[PDB]
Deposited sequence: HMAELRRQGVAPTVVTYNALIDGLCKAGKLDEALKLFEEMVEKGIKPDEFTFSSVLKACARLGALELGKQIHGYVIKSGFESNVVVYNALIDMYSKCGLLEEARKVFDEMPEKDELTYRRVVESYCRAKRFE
């Protein structure tokens, strides 16, 4: 993997682990602005930050970005999308992502939704 993607992923992950979720999202924005290509680990970490912040709008923007980037089939990314929608209070959207995928149980999706409510 490209060293700059490694570096951004590690900083984003470290900021997430430190509970500095807004700072992780700021780094991700810069990554995209500078033309540095996120990978499935980038998307997973930043969608987790969105889920923990309730940043549904950025989560939906990332969803569109993932769809267009061919990450449509990626298990790591779709798990993170499901987690983001369920923790942002949109079980029906999490269900639609779940139904797109080819493990994860719907019980766990519902549990995540209920525990965030």
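message: Which parts of the deposited sequence lack C-alpha coordinates in this model? Number from residue 1, please.
response: Counting from residue 1, the stretches without coordinates are 1-9, 112-114, 130-132.
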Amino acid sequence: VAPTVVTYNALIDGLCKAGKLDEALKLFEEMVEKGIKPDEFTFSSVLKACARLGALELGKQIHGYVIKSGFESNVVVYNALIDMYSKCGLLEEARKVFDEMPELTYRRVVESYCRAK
From here on, numbers count along this sequence of modelled residues.
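- request: Pick between 65-73 and 32-40: the one whose mean CA B-factor in the entry is higher.
  value: If you average the C-alpha B-factors of 65-73 and of 32-40, the larger mean comes out for 65-73.
field: Mean C-alpha B-factor comparison - 104-112 and 90-98, higher one
entry: Comparing averages over the C-alpha atoms only gives 104-112.
- prompt: Which third of the chain holds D13 when residues are ordered by C-alpha B factor: lowest, middle or highest?
  reply: CA B-factor rank for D13: highest third.
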